[PDB]
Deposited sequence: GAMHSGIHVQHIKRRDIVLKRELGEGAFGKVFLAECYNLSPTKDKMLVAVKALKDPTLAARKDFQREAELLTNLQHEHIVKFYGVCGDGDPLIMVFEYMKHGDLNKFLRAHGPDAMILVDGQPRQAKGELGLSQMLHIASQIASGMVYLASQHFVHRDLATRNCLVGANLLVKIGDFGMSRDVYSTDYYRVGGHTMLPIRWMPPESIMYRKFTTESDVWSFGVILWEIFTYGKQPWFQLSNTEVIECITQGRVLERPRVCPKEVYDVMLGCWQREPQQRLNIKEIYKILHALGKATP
């Protein structure tokens, strides 16, 4: 089996509520004596089993644009995972607070980083199923990473199981078919989110109507600050049939290249 990294409970010093805590952590950083971390704690039947599995996953599911997972903490009571600290909080919130401020080059840099994480995710055959800006974190210097924080203040983005329908393609709405291609669909919407400063897709629309409009083949309109090429990438994510969608490697290549070439 996968050996998850264990962190001594005594090496964590809680500081502040961020169900997640900002903490100092000792005996971790090669250099600095202590380093800031984010700490998540919970205790049920398929909580404890899910927790261990997730830790094993996150032990190797690691990449520059995935939230760094440091390991698990203590011996069980409570169950604690240790993640990197990203000072700027979740991207959704950050977008919204940097809205009518973020320029084109920055938005591309955000979008391209997320695509980069998704390229890694696809290479690992990992289907995320809940990709959206609310599930990204922002670090120093617009550093952006993908995590998976579950489905409270984004409760409206889910539909009574809980479904992030506004970020889902038709085949996921209908058959609950989730693949890299449905992740690609979501990415298209993240793209829309980014260029609208974290507005909710189909805000005017009830959940039922969203389900209707997605099934109908209707797509989000282009934001004012979105260059047509970027919207085109949006469309390639929103092809009705999944095998016709751009794959994440192409999307990243396009977004990366635009970002590099933009003042």
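Participant: In sequence order, which deposited residues have no C-alpha?
Facilitator: Several regions go unmodelled: 1 to 5, 24 to 29, 54 to 55, 114 to 128, 180 to 181, 191 to 194.
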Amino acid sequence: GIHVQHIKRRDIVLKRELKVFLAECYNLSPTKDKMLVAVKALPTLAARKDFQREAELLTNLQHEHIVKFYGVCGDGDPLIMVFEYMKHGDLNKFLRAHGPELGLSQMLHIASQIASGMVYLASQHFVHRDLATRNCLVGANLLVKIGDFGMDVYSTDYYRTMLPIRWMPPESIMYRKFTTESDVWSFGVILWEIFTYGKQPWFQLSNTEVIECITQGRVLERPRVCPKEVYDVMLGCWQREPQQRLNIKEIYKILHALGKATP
From here on, numbers count along this sequence of modelled residues.
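Participant: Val189: absent from a third or more of the other PDB entries compared?
Facilitator: No, none of the compared structures omit it.
Participant: Taking the other compared entries of this protein, do a third or more of them lack coordinates for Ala140?
Facilitator: Looking at the other entries that model residues on either side of it, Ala140 is present in every one.
Participant: Going by the mean C-alpha B-factor recorded in the entry, which is higher: 74 to 82 or 163 to 171?
Facilitator: Comparing averages over the C-alpha atoms only gives 74 to 82.
Participant: Using the B-factors recorded in the PDB entry, average over the C-alpha atoms of 114 to 122 and of 173 to 181, then report which stretch comes out higher.
Facilitator: According to the PDB entry, the answer is 173 to 181.
Participant: Specify which of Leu58, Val67, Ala38, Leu42 carries the largest Cα B factor in the deposited PDB entry.
Facilitator: In the PDB entry, the greatest C-alpha B-factor among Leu58, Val67, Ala38, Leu42 is found at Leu42.
Participant: Where does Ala261 sit by CA temperature factor within its chain: lowest, middle or highest third?
Facilitator: Ranked within chain, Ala261 CA B lands in the highest tercile.
Participant: Lowest, middle or highest third of the chain for the C-alpha temperature factor of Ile194?
Facilitator: It belongs to the lowest third of the chain when residues are ordered by C-alpha B-factor.
Participant: C-alpha B factor of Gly89, ranked within the chain: lowest, middle or highest third?
Facilitator: Its C-alpha B-factor belongs to the middle third of this chain's values.
Participant: Relative to the other modelled residues of the same chain, rank the CA B-factor of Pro201 and answer lowest, middle or highest third.
Facilitator: Ranked within chain, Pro201 CA B lands in the middle tercile.
Participant: Among the chain's modelled residues, which third holds the C-alpha B-factor of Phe187?
Facilitator: Its C-alpha B-factor, which the entry lists for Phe187, ranks in the lowest third among residues of this chain.
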